[PDB]
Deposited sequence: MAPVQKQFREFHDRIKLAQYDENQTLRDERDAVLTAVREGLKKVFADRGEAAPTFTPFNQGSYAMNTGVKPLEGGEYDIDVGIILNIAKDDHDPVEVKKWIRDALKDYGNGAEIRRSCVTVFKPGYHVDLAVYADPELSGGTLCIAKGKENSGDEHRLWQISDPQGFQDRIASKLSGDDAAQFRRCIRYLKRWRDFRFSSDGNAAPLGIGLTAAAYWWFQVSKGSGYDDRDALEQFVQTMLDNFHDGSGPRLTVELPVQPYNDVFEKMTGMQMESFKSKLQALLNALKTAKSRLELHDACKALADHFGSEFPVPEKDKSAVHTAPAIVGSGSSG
C-alpha cells in the first residue's frame, strides 16, 4: 500500500530541531559550557595556575540536523566539541580530560571521563564534550583526546580528527528536497535503533552508512519506504564474513576509522538479523493491499509513533 503520508506523520513525531532551531538545546549546551568555563578558573586558581580556555563548536546530530526525540526513558544527547588553547605535545590527553571532569566537579552530580569524551549526566539528557588540542599550537592537526584514567600508554593518544569535514560531507552530499529525504531516512533509522536495540555506535554508524549508500527515491512524490528498502538492502550487501558477519564502515574524513568497530561479533550478527527483518517489513508494506496491514508491519519495527490507520 502507499505509506508515504504515514512516514511523513511519523517523521513529524520523531524529529528534534537542530541547535540553530532549538533554543532549549542551545540553553542546555550553554549551561554546561559556562559550568566548564567557571569550574576551570576555580580548579586552576586553587593550584595557583592560569586556567586554560576553550573554543566550543556544535557536533553530532543536533549540529547536522539528524536529531530525533528519545523514547520515554531515553535521554537527549548534546554533543559539543571544546578546543583547549594548548599544544597536544605538552599534555597527556587523559590529563586534559581530567581538567574538564574537575571543572564540572560541583555541576549536577559531576562528570565522567570516557574513552572519546567527558560526559555530564542530567535528568533526561547528557552532554558529551569531545576535547581537542589547538591545531596551531599542535602543528596544524585537530586532535581529539582519547583514553580513560589509568589506561595503558597504548590506549591514550591525541587522534587526528575532522569533525567539521564530517559535518560538511553530510551537509553537502545532497541539497533541497533530496537532502530532506536523506535526513528523514537517517531519523527513521535512529528511531528504529531506539525501538529495536536495548547500540551506541548505531547513530554515527547509520549516518556514515547513509553518506556512502543512501539513494533518493522519488516519483509522483518522495518515496521514503522505497529509499529505506534500497538503503537497508545496500547495507546488508556490504556485510563481510570474518569470524562471523560484520559491517565495516569508514568515516569519510580523518581518521577513516570503522565507525562500527566497538560492536562485538554477536552484536553484529544480531544487527544483521534486525536489518533483514526491517527489509522484510519494508517489502511487506509495499505488497499489502490494506493500509492498516502495511502500517502495522512498519510499526512492528519503528514503534508506536508509526501511525496505523484503522481497518
Point out each run of deposited residues with no C-alpha coordinates, keeping the order of the sequence. 1, 200-203, 317-334
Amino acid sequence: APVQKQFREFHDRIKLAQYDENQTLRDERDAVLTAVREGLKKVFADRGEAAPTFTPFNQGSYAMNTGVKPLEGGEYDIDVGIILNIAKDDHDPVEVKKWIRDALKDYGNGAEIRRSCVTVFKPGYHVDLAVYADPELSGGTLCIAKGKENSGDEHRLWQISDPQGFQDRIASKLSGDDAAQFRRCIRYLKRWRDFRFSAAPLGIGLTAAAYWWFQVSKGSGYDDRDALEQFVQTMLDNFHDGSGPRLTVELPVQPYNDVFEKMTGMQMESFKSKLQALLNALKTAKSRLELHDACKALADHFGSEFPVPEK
From here on, numbers count along this sequence of modelled residues.
Highest mean C-alpha temperature factor of the two stretches 185-193 and 81-89, which is it? 81-89
Selected stretch [higher average CA B-factor]: 10-18 or 290-298: 290-298
Deposited CA B-factor, highest of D102, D168, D223, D178: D102
Would you mind finding, among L236, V120, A130, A209, the residue with the largest C-alpha temperature factor in the entry? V120
Quick one: classify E229 as lowest, middle or highest third of the chain based on its Cα B-factor. lowest
Comparing against every modelled residue in the chain, figure out the third that the C-alpha B-factor of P252 lands in (lowest, middle or highest). lowest
Where does the C-alpha B-factor of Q276 rank in its chain, lowest, middle or highest third? lowest
Relative to the other modelled residues in the chain, which third contains the C-alpha temperature factor of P56: lowest, middle or highest? middle
Among the chain's modelled residues, which third holds the C-alpha B-factor of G265? middle
